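Enquirer: Here it is, the structure, as structure tokens.
The values are calculated or read from the model by the stated rules, or taken from the named source; nothing here is a laboratory result. As a convention, Cβ positions derive from the backbone with ideal geometry for all residues, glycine included, and neighbour counts pool all protein chains shown.
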Amino acid sequence: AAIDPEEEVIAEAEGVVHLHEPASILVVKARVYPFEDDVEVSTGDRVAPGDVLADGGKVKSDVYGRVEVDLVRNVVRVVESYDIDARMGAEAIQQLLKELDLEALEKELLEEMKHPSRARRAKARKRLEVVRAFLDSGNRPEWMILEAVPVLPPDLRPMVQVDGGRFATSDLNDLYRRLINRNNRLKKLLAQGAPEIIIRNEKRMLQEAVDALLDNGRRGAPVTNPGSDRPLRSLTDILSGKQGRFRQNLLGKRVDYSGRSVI
Amino acid sequence: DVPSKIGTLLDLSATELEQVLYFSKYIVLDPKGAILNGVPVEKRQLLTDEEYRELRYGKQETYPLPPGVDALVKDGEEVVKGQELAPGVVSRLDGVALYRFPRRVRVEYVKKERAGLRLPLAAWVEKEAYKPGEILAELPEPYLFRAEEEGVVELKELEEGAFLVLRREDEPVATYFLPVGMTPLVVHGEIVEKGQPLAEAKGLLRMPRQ
Amino acid sequence: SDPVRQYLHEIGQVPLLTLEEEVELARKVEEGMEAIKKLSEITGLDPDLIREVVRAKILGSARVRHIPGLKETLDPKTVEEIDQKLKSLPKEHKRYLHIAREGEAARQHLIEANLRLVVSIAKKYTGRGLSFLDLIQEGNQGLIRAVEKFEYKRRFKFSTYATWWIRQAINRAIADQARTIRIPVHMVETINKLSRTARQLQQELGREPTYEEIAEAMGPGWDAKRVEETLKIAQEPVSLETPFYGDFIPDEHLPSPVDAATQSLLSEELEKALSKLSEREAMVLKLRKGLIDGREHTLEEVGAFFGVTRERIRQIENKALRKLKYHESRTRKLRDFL
RNA sequence: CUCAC
DNA sequence: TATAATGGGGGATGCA
DNA sequence: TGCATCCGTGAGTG
Ligand SMILES: Nc1ncnc2c1ncn2[C@@H]1O[C@H](COP(=O)(O)OP(=O)(O)OP(=O)(O)O)[C@@H](O)[C@H]1O
């Protein structure tokens, strides 16, 4: 076929077809399975050995693979591949933290505490300290992963109009905006069915946003406003440090009914 | 927060957690009978990007062919590793080969006709049918095939051997077959009468290969 | 450890399309679209739903959510029902399904193979308020838009057509997200026009322009006032933690002790007047001055709470004030209360 | 940058 | 909405 | 041997 009705290769009469001079050769490690009647599987499906492929269940598969239905050559292909579940990000981690039965790990770590070789007792001790911490607290390890992210009240990060009518805002606002502009973008990229690279990059950027909201500058580089080399003040930089909330506003405040003069 | 609470809770290194969290390596939650490089996939193993695409989507490779250069192998053929695919192209793996874009499509059109041929009696071998390449007749001496009709010549050659169609107006009056060993003595668009030689047969003549 | 380099490496894995492969993928996509367009005719359902189910089965089980716009909630159960209703079609009807799957599967590879363009496009839009990766993740959306609109019959390469949508996505993202105070896109365009105009004027004059020169160079309908106002709304807010800047800024909202005091001394020295008057007298004033609802009820509305008309209310009011005025100059408390 | 230690 | 464009620019100490 | 974390107080001016 072609763009216009012309240029089309139309068979003049009876004969057979042969192909020569290929642009390139795609060598696939797969298994072919031709068919005569209707095929039950559609292309893209996961398949195990001995699954009913086509022709009412006569022809089947030999290995684990992905279904690639060819309607031109009239053959169902099976590309040797498993239904393996391997993930990334703080989702797989959330799952692995949900799968944890702390009691059993307490048992195991206690059973390894009897082994010599110095270091094993130490590592088992630390790990068991964490495990028993979670056991005694009542907290769940998967809470170290964030589904819903808390938002600080507005006045504690205010956007106020100063003396000259200008506006002044906290640094947490731009961080929150940086979070939302990637969260919503992710929610659009998911609904519209984006490829894996784009979604992965988006989730990575999301993580890069929450890791800039809670502790900016902690991992890698600190996010700065355009036109300045100044790291934005995160929620960690607010509490910790000599300029932290503790040392500046809890262990020493400024007071009323107080004056100062040359003695 | 060194040492990583999450990392120490799951026997994971700082590097490993960095890779899993920031999308640098796949961590397996369910192998499903998968096997990488000989060993079966075990849970909590770190797969890369290639190690994951190979296990989840299989392996394959497209090899560029020079413009004009045809392939030694054909479409749908199974291939071994190191097996040649083209005069300069070598495959790096096993599997089913696939033609990407055939720049040239050759169509072998099936034709079924009926033609006559005169030959000396003691020179021809009697058979009810003739397979390709098979000897049709052996002449002990140079014998000239002669036209039994009159009209214009329509010459139609093959890869080896040829046809001949004598016609008046445009209506065909004769169809002669000239097997391998029969050299034509006429050209296309030639006027021939009755009796004049159209071709010469010498030695052994046989059916062409097609 | 570097997202930029990492993404660049992840992008260099998917090979660059040949013209033939490009046209192949595009054609497969379009054919898929038409196939779904007819499948909806056969099943008598919804095109978006169908294509979403095909997408679901193509991408696997990793991605399953309810898409805003689709009436049915996409859970594996429902998509199983629909997929079984897709397998319940005759061979000449069930053949469009394969074309749908092919269309989506080709769409994915088409998007992936044209991702290197978005990088080279967004590389020069740096320093506008958004980072490299954001511009990339928006230009990618632009590319996604370019795929479902491309027509291979026009014989144009996909790069030429995708470029437009990529720029159109980036230049929208920048104009929509770069500011802390979000400004409508057209207004942003106007401000940019002001910037370029004023820049030209500065380049030719040998000095910075005034509001009048700008307003003149902008054209009709433009005066100095509107230029000044436009520049006023175009202001970017500054940070409090600027080396802090927010420490020299008072809290104008909350009342001070002095404020809280007098307001608590004004009410006190006033309900000394709810007394001397009466019960209904010291209430027509409450509705009239807005002590109760916050709003001032006219002597019209007020008449429907005591029965009286707009002239017994008036005498009801003025009896209160005039009496309160005599209660002044004898207690002389409320004078300073200014 | 300046004052006091 | 359609020429084509496809990979960036000190100073010491505690702990793994 | 690499990384992360600490490194005195109050006050004045632009
Ligand atoms: N309070 C100030 N008053 C006037 N000039 C100052 C002041 N603070 C800093 N400077 C100027 O900045 C120069 C040095 O500033 P430096 O960078 O050491 O302070 P800083 O790092 O800004 O302090 P902080 O981090 O506590 O804000 C000084 O030599 C002076 O010129």
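Enquirer: Yes or no: region C:55-74 includes at least one residue that is more than 16 Å from DNA strand F (Cβ to nearest atom), over 30 Å from A:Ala2 (Cα atoms), surrounded by fewer than 18 Cβ atoms within 10 Å (Cβ to Cβ) and among the acidic types (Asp, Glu).
Expert: Yes, region C:55-74 has at least one match.
Enquirer: Inside region C:213-234, can you point out the residues that are part of a loop (DSSP other than H, G, I, E, B) and surrounded by 12 or more Cβ atoms within 10 Å (Cβ to Cβ)?
Expert: Scanning region C:213-234 gives C:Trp222, C:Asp223, C:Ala234.
Enquirer: Does C:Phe156 satisfy the condition of being in a loop (DSSP other than H, G, I, E, B), more than 19 Å from A:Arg177 (Cβ to Cβ) and out of contact with any helix residue (DSSP H, G or I) (no Cβ under 6 Å at 6 or more places or on another chain)?
Expert: For C:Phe156, the condition - in a loop (DSSP other than H, G, I, E, B), more than 19 Å from A:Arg177 (Cβ to Cβ) and out of contact with any helix residue (DSSP H, G or I) (no Cβ under 6 Å at 6 or more places or on another chain) - is met.
Enquirer: If you don't mind, there's one more thing I want to ask. Quick one: A:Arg178 ticks every box in (1) within 24 Å of C:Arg145 (Cβ to Cβ); (2) more than 16 Å from the chain's Cα centre (by Cα); (3) facing another protein chain (nearest Cβ under 8 Å); (4) not polar (S, T, N, Q) bar one, so which box is it?
Expert: (3)
Per-residue answers, yes or no, for (1) under 19 Å from A:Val149 (Cβ atoms); (2) more than 16 Å from DNA strand F (Cβ to nearest atom); (3) more than 12 Å from every other protein chain (Cβ to nearest Cβ):
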position	(1), (2), (3)
A:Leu186	yes, yes, no
A:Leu190	yes, yes, no
A:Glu196	no, yes, no
A:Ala209	yes, yes, no
A:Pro222	no, no, yes
A:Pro226	no, yes, no
A:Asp237	yes, no, no
A:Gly259	no, no, yes
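Enquirer: Related question: Identify, from the list A:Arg77, A:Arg120, A:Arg125, the residue that is more than 12 Å from chain B (Cβ to nearest Cβ), surrounded by 11 or more Cβ atoms within 10 Å (Cβ to Cβ) and more than 25 Å from A:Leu214 (Cβ to Cβ).
Expert: After ruling out the rest, the residue left standing is A:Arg120.
Enquirer: Strands (runs of 3 or more DSSP E) wholly in region B:96-183 with at least 2 residues that are under 15 Å from B:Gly203 (Cβ atoms) - which ones?
Expert: So the answer is B:135-146.
Enquirer: Now, a different point. Pull out all pairs, ordered by first then second residue, where Cβ-Cβ is under 8 Å, the residues are six or more apart or on different chains, the first lies in region C:1-24 and is within 16 Å of DNA strand F (Cβ to nearest atom), and the second is assigned to a helix (DSSP H, G or I).
Expert: The qualifying pairs are C:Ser1/B:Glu18.
Enquirer: A further question on this structure: List pairs: first residue in region C:148-175 and within 17 Å of C:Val119 (Cβ to Cβ), second residue more than 6 Å from DNA strand E (Cβ to nearest atom) and outside any helix (DSSP H, G or I) anywhere in the structure, Cβ distance under 6 angstrom, at least six positions apart or on different chains.
Expert: C:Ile170/C:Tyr125; C:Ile174/C:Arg128; C:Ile174/C:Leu130
Enquirer: Considering only residues that are exposed (fewer than 12 other Cβ atoms within 10 Å of the Cβ), of a type outside the set (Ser, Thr, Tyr) and under 20 Å from C:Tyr326 (Cβ atoms), which ones fall in region C:269-305?
Expert: C:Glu271, C:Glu279, C:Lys289
Enquirer: With (1) away from every other protein chain (no Cβ under 11 Å); (2) over 28 Å from the mean Cα position of the chain (by Cα); (3) not small (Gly, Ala, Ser) as the list, and C:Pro184 as the residue in question, which single condition is left unmet?
Expert: With respect to (1) away from every other protein chain (no Cβ under 11 Å); (2) over 28 Å from the mean Cα position of the chain (by Cα); (3) not small (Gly, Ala, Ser), C:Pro184 is out only on (2).
Enquirer: If you don't mind, there's one more thing I want to ask. What do you reckon, is A:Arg31 surrounded by fewer than 20 Cβ atoms within 10 Å (Cβ to Cβ) and under 35 Å from the mean Cα position of the chain (by Cα)?
Expert: So A:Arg31 fits the description; yes.
Enquirer: Further question on the same structure: Kindly provide the set of residues from region B:88-106 that are surrounded by fewer than 13 Cβ atoms within 10 Å (Cβ to Cβ) and either touching an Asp or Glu at 6+ places or on another chain (Cβ under 8 Å) or among the hydroxyl-bearing types (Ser, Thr, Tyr) (or both), ordered by number.
Expert: Matches in region B:88-106: B:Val90, B:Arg92, B:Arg104.
Enquirer: Does region C:160-176 contain any residue that is in a loop (DSSP other than H, G, I, E, B), assigned by CATH to the domain that holds C:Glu22 and surrounded by fewer than 16 Cβ atoms within 10 Å (Cβ to Cβ)?
Expert: For region C:160-176, residues in a loop (DSSP other than H, G, I, E, B), assigned by CATH to the domain that holds C:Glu22 and surrounded by fewer than 16 Cβ atoms within 10 Å (Cβ to Cβ): absent.
Enquirer: Out of (1) within 30 Å of A:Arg132 (Cβ to Cβ); (2) aliphatic (A, V, I, L, M); (3) buried (at least 19 other Cβ atoms within 10 Å of the Cβ), what's the single condition that is false for A:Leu100?
Expert: Checking A:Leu100 against (1) within 30 Å of A:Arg132 (Cβ to Cβ); (2) aliphatic (A, V, I, L, M); (3) buried (at least 19 other Cβ atoms within 10 Å of the Cβ), the one that fails is (3).
Enquirer: So which residues in region C:122-132 are more than 11 Å from chain A (Cβ to nearest Cβ) and either near DNA strand E (Cβ under 8 Å from one of its atoms) or surrounded by fewer than 18 Cβ atoms within 10 Å (Cβ to Cβ) (or both)?
Expert: C:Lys123, C:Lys124
Enquirer: Here's another thing I want to ask about it. What helices (runs of 4 or more DSSP H) lie completely within region A:154-263 and have 1 or more residues being within 26 Å of C:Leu135 (Cα to Cα)?
Expert: A:172-191, A:196-213
Enquirer: What about B:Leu98, is it more than 23 Å from A:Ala11 (Cα to Cα) and in contact with a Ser or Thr (Cβ under 7 Å, 6 or more places away or on another chain)?
Expert: Answer is no for this residue.
Enquirer: Of these, C:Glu34, C:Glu112, which one is within 16 Å of DNA strand E (Cβ to nearest atom), within 10 Å of chain A (Cβ to nearest Cβ) and in a helix (DSSP H, G or I)?
Expert: C:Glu112
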